[PDB]
Each structure stands twice: as structure tokens, then as C-alpha cells.
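What follows is each chain in one-letter form.
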Amino acid sequence: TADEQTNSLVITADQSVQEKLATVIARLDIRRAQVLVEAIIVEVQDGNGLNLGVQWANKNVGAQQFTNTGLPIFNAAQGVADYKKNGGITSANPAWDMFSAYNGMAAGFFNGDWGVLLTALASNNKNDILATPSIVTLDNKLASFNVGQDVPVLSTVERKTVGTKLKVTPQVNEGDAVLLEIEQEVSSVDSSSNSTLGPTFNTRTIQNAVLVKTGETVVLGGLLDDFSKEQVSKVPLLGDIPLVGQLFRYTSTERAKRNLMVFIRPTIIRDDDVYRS
Amino acid sequence: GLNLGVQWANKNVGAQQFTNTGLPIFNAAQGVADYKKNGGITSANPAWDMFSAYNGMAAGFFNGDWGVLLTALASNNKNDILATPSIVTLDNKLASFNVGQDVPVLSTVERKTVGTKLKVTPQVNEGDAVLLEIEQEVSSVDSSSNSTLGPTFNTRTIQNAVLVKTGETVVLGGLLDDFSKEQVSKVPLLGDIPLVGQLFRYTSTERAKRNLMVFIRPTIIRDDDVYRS
Amino acid sequence: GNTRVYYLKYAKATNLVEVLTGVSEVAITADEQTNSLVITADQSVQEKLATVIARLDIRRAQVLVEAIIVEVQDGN
Amino acid sequence: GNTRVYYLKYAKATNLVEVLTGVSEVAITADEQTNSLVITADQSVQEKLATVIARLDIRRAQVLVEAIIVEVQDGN
Amino acid sequence: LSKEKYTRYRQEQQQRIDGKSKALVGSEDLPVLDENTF
């Protein structure tokens, strides 16, 4: 039986059993190693959209119009004409909300009776992330490291921690290496797309067991995700003319890339002197 | 962060406009024109809320019939934190130290302590060192982003067992988090001209860094005389 | 000694105990802290379980699994 | 040795144990980590179960299954 | 196996740092992994 206060163990038994349990305890009482576990989460995103279109409207012949240009030739020509007669545009003009939100160069050109309207926008974004959660713990003891925020989620509600999380149980076997059972994720509340049902969260989660040598950086996982979209709205024969055909079509292009890598570097602390340094 | 953009609007040719500049060339030109005719701007003018909230230098230039509007804002912030909770306790006895506030959380409600917390059970083995089972966190109520479901909290939590020598300062954990964002909205060919191209694009850049470290220094009190000093 | 304490390397003591228990079923119990296995039994059983554990303690292989999902859509 | 540890290749130790149990019903138990099977029994039973396992451990075939669903509708 | 993913990712970041052109405003790059690793 044990004394939990003094952390001492009380064995009553024959002198023979005592000398045998004295060796079992001495074997089982040994000092246990510590493991410094660094995770390295690198992600890089980028993508570039391009959407340009030409619409020409003619009173004598007719008009070519593309919604999704962000303004159509019809609603623009009603707004431009209204702007010339009144010298300005009131907020009640239906074209107000159409011009008030628009991005890119809209260049109109009038040749004779032909109106022509060119809309062009090329978007480009880039994103890069680095995280390096690290934790020190004894082998066979479960350690967890949370940096993030604790948010309510509906269900009556419930509390959910969402952030950079690292939960690892090391096993040092033996001498060098280790057995790391890793459960980690980088999650965050998604500001856009709120709902009455609750918040969403952007989660990148990886859980696996791996056996890594004591000094080495090794890859736990990763995702290389790549996406390319395209759409054109064209006049059927004219839009296919090799060069000139771009006047009739409205093209909207998009691309995306996500390259994610997760690395883990364990380090074993055998003694104090290496754990100062 | 840095977000700067140039938008030029021309009556004869057309206009280049970027929302996310905080004001577009269209709504600004309707506001500036309204300001010239009336000598002022009423709160009913739709451009009121757009000019009333704006940050950075907005410099317009009119050359002939060409209007040109430059918006530039460079934000920079910095933050630094230090906390040093300490606790004295007998070995094998669990001690806890809370400095913070006790807030209600919805579920009918429930009480939750949120603050600087240190919960440690020492084990002195033997002579020097110790075995510290640490559960600590620094958490706080998030003033922004309140909801009908309840408050959120910014939590930094670390729980591990570690064995530290009696005098030594050692690292329990840490997080080095670094983030860089970028966005441009440009005119497709013109925006790529190496130098001049910055006139057509609207760039918004951002960066962040967080470097967190957690250290623990145990000290063993064998006798009274060392625990006075 | 009647009782030996085996320090397992690459095996989990709690896991090993269940497997061992059938072989013994001798007392086999594990220390989850030090990840060591405690077998008390006759010198004859000890030398036989020492080989069973050595066989069952081996290092286990790792697998890198890449999936490749390619999709292409189009229509006019 | 009284107890042998069989390293299964192409078979799952937990699965094999159930099948074996009837044949033995000798103690058969499996290590789910290393995917090895632990049989303790007389030298006579060992040599007989060594052939049963070798028969039951074989590599299993894979099947690529393509379905083709063609539909055509029209009406005027 | 880890060194070729660590380097192919690092050499991709270094390509993106050189792929951006001066005289246009752009995001300042992160520190690219570590050279002394492996």
C-alpha cells in the first residue's frame, strides 16, 4: 500500500519477499526521459482570377449583353444616358447599385451609332502561413498545447476550442527514436458564411502515429491542392474567330493553389544539462 | 498591413474603380460634385457614411478631363505580453492560482473562470529535481465578436508533465506563428507593367507574427531558513 | 529473482499484457508510466516468455500514403 | 519453446484468431499492433496449426469493377 | 523521403520570392523553412 502524501510505498512481507521486491522496485523506479516535440505547419496559397468581356449594343442592329460582367450594356446605357441628361445620378436610379459596386476598368467607346463597353478585372491573391507549436513532456505522458479561442456552438449551446492545437503522447524506445502519437490541427472560425445554425470553422487536422529518430525532422503529411476554372459566354460563330473572337465572348477565369506540409521534429532530453542548452 | 490603390475615372473614355479602397471612384465623384454645388454635405447624402469612415490619405488630382484618386493606408501594430504566476505548495499536494474573472456562459447558464491560471502538482524526487504536472493557461474574454450563443474567449493553454532540476529555468512549450496575406485587383495587361503598373492595381497587403514561449522555474524549499530568504 | 521487469522498446506494455495474458493463462502486469512489463513466474516460464516478448517487441514499419485525385469537367 | 509467435503476411491476426479458436477449441491470441498471432500448445499442435495458418494466410485477389450505365431519351 | 518534400517545398517558396517583381507593391515574404535542416 502507498502513502500518497510522502509518495512512499509500504510493503509488509517476509524477508525473502522484501529482498525480491526491493529489486523489482529499483528496476521500476527509474528516471524517465523527456521529449521536445516541434511541429512545423507550412501552408502557401495563391490564385489569380481574370474576367474580361466586351459587350456592344447598337440601336439600329441590336445589342450583345453579358450579365456577370458586373454591369450589363443595357443597365449601363440607361445609367449613362440618365447621367448626361440630369448631370448626376440620384441614389434612386436603378443603375446606382450597379455602378456603386464594380471592380476593374470599364472603358466605353462610341463610334457613330455603335456603343461598345469593355470590362476587365484581373484579381490576384497570395497567402502564406507558418506555425511551429512545440511542447515538452515526459514519455508515455500525454501533453496538449492549445493556442486559439473557445467559441460557443449551437446544438442549447456547447463550447468548442478552435485554434492551433497539438496533442502528443511520446514513447521513447529505446535510446534514440521515439513513438509519437500526434493529434494536431490548425482551425479557426470562418468570419464569412455565418448562419443561424452556428459558426463554421476552417480545420486542417492530421492524426497519426509515427516513429521518428531523436534529432530528425520528418514529414507527417501534406496536401497539394490545385484548381482551375473557366467560363466563357460568347456569340456562337463569332466568338470562335481566333483573334477577333475575343470581342464577342465574355471570359471569366480562375485558379487556385494550396500547398500544405506538416513536419515533426522530436528531441529527447536524457539529462538536465541538455535541457538547459 | 498596407493597402494602396489608384482609381482614375474619365468621362470621355471610362473609369477604373476598386471597391475595398474604402471609397470607390464613382461614389466619391458623386460626393465631391455634390460638395461643390451645395458647399457642404448633408447626412442624407449617400457619400456621407463613406467619407465619415475612411482611413489614410485620399489624394485626388484632376488633369484636364481626367480624374485620379489615390488612396493609401499603411497600418502597423505591435503587442507584447509578460506573465509570471508563481505558487508555493507542498510536494504531492495540488496547488492552483487563479487571477482573472468569472464569467457566465450559456448552455440556462454556467459559470466559467477565465484568466491567468496555474495548476501544478509537484513531486520532489529526490534531493534535487522535481516532477511538475503543469496545467496552466492565459485566457480572456474576447470583447469583439459577441454573439447570442455566448462569449468567446482567447485561450492559450498548455498542460504537460515535466521533470526539472531544482534551480533551473526550462521551456515548457511555445508557438511561433507567422502569416502573410496579399491581394491585388488590377487591370489585366496594364497592371503588370513593372513600374507604371502600380497605377492600375489596388494592392492590399497584411502580415502577422506571434512568438509565444512558456518557461517554468521550480525551486525546492527544504528548510525554513531558505524560505525566508 | 522470481520477478523480472522487462523494458519494452517498440511495444506498448498495456497492449502486450493482454496478448501475454492468454499465453500465461504466472502473473503479467504492466507499468504504463515507464512502459515496462512485469512478469513473475518460474525460471522456466521466464526464459520462454523472454523469447515470446523478444519476438513480439519488434520495430514496426511506416507507410507514406499519397492519394492523387484528378478530376476534369467541361461542357458547352 | 512452448509458445510460437507467427508473423502473418496477407492475413489479419484478429480475424485469424476467431477462425483458429474453433480449431483449437491450446490458446490462440493476436497482437493487433505487430499483426502477429500467438499460439501456445504442444509441439504436435504447433506443427498442425502451422500448416493451417499457411493455408489460411494466402494472398487474396483484387477485382476492378467497371459499370457502364448508358441511357438515351428522346421525344417529340 | 522527408528531405525531398522539405526541399521541394522550400525551393518552391524560394521560387515565389524570386517570381515577384520589384517596382510593384507585394507581400513581404516569410522566412523560408531552414537551410541547416538535413
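Residues numbered from 1 in each chain as written, not as in the entry; some residues may be left out. Chains lettered and ligands numbered in written order. Part of a larger assembly, values for the part shown. Heavy atoms only, no water.

- This deposited entry lists cryo-EM as its structure determination method and 3.04 Å as its resolution.

## With respect to the overall build of chain A
Here is step 1 of the chain: Counting its regular elements, chain A contains four helices and 12 strands.
Here is step 2 of the chain: Projected onto the principal axes, the alpha-carbon positions of chain A cover approximately 115 × 45 × 35 Å.
Here is step 3 of the chain: Burial analysis of chain A (277 residues in total) assigns 43% to the buried set.
Here is step 4 of the chain: As displayed, chain A offers around 14500 Å² of accessible surface, 53% of which is attributable to carbon and sulfur atoms.
Here is step 5 of the chain: Chain A carries 24 positive and 30 negative side-chain charges, and their two centres are separated by 7 Å. (Helix = DSSP H or I, 4+ residues; strand = E, 2+ residues; numbered from the N terminus. Buried < 20%, exposed > 50% of the residue type's maximum accessible area, 1.4 Å probe, protein only. Areas by Shrake-Rupley, 256 points an atom, 1.4 Å probe, with all protein chains shown as cover. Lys, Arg positive; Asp, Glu negative; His and termini not counted. Charge placed at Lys NZ, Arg CZ, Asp CG, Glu CD.)

## Quick notes on the interface of chain B and chain A
Here is step 1 of the chain: Tallying the contact residues gives 63 residues for chain B and 63 residues for chain A.
Here is step 2 of the chain: Taken over both partners, the interface formed by chain B and chain A buries close to 5100 Å², and the fraction arising from carbon and sulfur atoms is 53%.
Here is step 3 of the chain: On the chain B side of the interface with chain A, the three residues burying the most area are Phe26, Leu149 and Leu163 of chain B, jointly 11% of the side's total.
Here is step 4 of the chain: At the surface where chain B touches chain A, the tally comes to one salt bridge.
Here is step 5 of the chain: Inspection of the region where chain B meets chain A yields 27 residue pairs in polar contact.
Here is step 6 of the chain: For the side of chain B that touches chain A, the secondary structure elements donating two or more residues are strand 2 (14-17), helix 1 (25-38), strand 5 (95-106), strand 6 (109-123), strand 8 (153-163), strand 9 (170-186) and strand 10 (202-216) of chain B.
Here is step 7 of the chain: Take the side of chain B that touches chain A: its biggest share by element is 17 residues, from strand 9 of chain B. (Contact = heavy atoms within 4.5 Å. Buried area = accessible area lost by both parts, 1.4 Å probe. Salt bridge = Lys/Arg side-chain N within 4 Å of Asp/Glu carboxyl O. Polar contact = N/O pair within 3.5 Å; in protein donor to acceptor, adjacent residues only side chain to side chain.)

## Digging into unusual backbone geometry
Here is step 1 of the chain: Here the amide bond leading from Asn173 of chain A into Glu174 of chain A is cis, since omega sits at -20°, within 30 degrees of zero.
Here is step 2 of the chain: Relative to the elements of secondary structure, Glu174 of chain A occurs in the loop between strand 8 (157-171) and strand 9 (179-189).
Here is step 3 of the chain: Following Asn125 of chain B, the chain continues to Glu126 of chain B via a peptide bond in cis, the omega torsion being -20°.
Here is step 4 of the chain: Following the sequence through the fold, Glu126 of chain B ends up in the loop between strand 6 and strand 7 (131-141).
Here is step 5 of the chain: Positive phi outside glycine occurs at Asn20 of chain B, with the angle close to 85°.
Here is step 6 of the chain: With respect to the helices and strands, the residue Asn20 of chain B is situated in the loop between strand 2 and helix 1.
Here is step 7 of the chain: Judged by its relative accessible area of 51%, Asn20 of chain B falls in the exposed class.
Here is step 8 of the chain: For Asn92 of chain B, which is not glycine, the phi dihedral falls at a positive 70°.

## Some details on the sheet that holds strand 7 (residues 143-154) of chain A
Here is step 1 of the chain: Taken together, the eight strands give an open sheet; going across it, the order is 10(A)-9(A)-8(A)-7(A)-8(B)-7(B)-6(B)-5(B), and neighbouring strands pair in antiparallel fashion. At either margin of the open sheet sits one strand with a lone partner, and together these are strand 10 (201-211) of chain A together with strand 5 of chain B. Recorded for the sheet is a direction-independent mean angle of 20° between the axes of neighbouring strands.
Here is step 2 of the chain: Bridging between strand 8 of chain A and strand 9 of chain A involves eight bridges; their strand directions are antiparallel. Paired with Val168 of chain A across the strands is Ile182 of chain A, a residue of strand 9 of chain A. (Pairing = 2+ DSSP bridges. Axes fitted to C-alpha atoms, helices over the stretch in contact; angles between N-to-C directions.)

## Notes on the interface of chain D and chain C
Here is step 1 of the chain: Counting from both sides, the interface comprises 13 residues of chain D and, opposite them, 10 residues of chain C.
Here is step 2 of the chain: At the boundary of chain D with chain C, total buried surface from both sides reaches about 1200 Å², with 60% on carbon and sulfur atoms.
Here is step 3 of the chain: When the area that chain D buries against chain C is broken down by residue, the three leading residues are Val5, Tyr7 and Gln33 of chain D, summing to 41%.
Here is step 4 of the chain: At the junction of chain D and chain C, the tally comes to zero salt bridges.
Here is step 5 of the chain: Inspection of the region where chain D meets chain C yields two residue pairs in polar contact.
Here is step 6 of the chain: For the side of chain D that touches chain C, the secondary-structure elements that each account for two or more residues are strand 1 (3-7), strand 2 (27-31) and strand 3 (36-40) of chain D.
Here is step 7 of the chain: Tallying contributions element by element places strand 2 of chain D first for the side of chain D that touches chain C, with four residues.
Here is step 8 of the chain: When the residues that make up the side of chain D that touches chain C are grouped by side-chain class, the tally is five nonpolar, seven polar and one charged. (Nonpolar A, V, L, I, M, F, W, Y, C, P; charged D, E, K, R; others polar.)

## What to know about the sheet that holds strand 2 (residues 27-31) of chain C
Strands pair in a sheet through their backbones, by hydrogen bonds, and they do so in one of two ways: parallel or antiparallel.
Here is step 1 of the chain: Pairing is antiparallel in the open sheet, where three strands are placed in the order 1-3-2 (chain C). In this open sheet, the two strands that pair with only one neighbour each are strand 1 (3-7) and strand 2 of chain C. Averaged over neighbouring strand pairs, the angle between their axes works out to 20° when direction is ignored.
Here is step 2 of the chain: Pairing of strand 2 of chain C with strand 3 (residues 36-40) of chain C, which is carried by five bridges, proceeds in the antiparallel orientation. Its bridge partner lying in strand 3 of chain C, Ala27 of chain C is registered against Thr40 of chain C.
Here is step 3 of the chain: Set on the sheet, helix 1 (residues 15-28) of chain A makes contact with strand 1, strand 2 and strand 3 of chain C; between it and strand 1 of chain C the angle comes to about 10°.
Here is step 4 of the chain: Along the sheet face, helix 1 (residues 13-24) of chain C touches strand 2 and strand 3 of chain C and points at about 180° away from the line of strand 2 of chain C.

## Observations concerning helix 2 (residues 43-56) of chain C
Here is step 1 of the chain: Compared with the 20 Å implied by 1.5 Å per residue over 14 residues, the 20 Å span of helix 2 of chain C between its first and last C-alpha is a close match.
Here is step 2 of the chain: Elements that come into contact with the buried residues of helix 2 of chain C comprise strand 1, helix 1 and strand 3 of chain C together with strand 1, strand 2 and strand 3 of chain D. (Expected span 1.5 Å × (residues − 1).)

## Structural notes on the packing of aromatic side chains
Here is step 1 of the chain: Applying the stated criterion across every chain yields a total of eight aromatic pairs over all chains.
Here is step 2 of the chain: A centroid spacing of 5.6 Å and a plane angle of 65° characterise the contact between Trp56 of chain A and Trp114 of chain A, whose relative ring orientation is edge-to-face. Placement of the pair is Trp56 of chain A in strand 3 (residues 34-58) and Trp114 of chain A in strand 6 (residues 114-138), with a sequence separation of 58 residues.
Here is step 3 of the chain: Each residue in the set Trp96 and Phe99 of chain A together with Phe26 of chain B is aromatic and connected to the rest through ring pairs, giving one cluster. (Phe/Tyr/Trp six-rings, centres within 6.5 Å; stacked < 30°, edge-to-face > 60°.)

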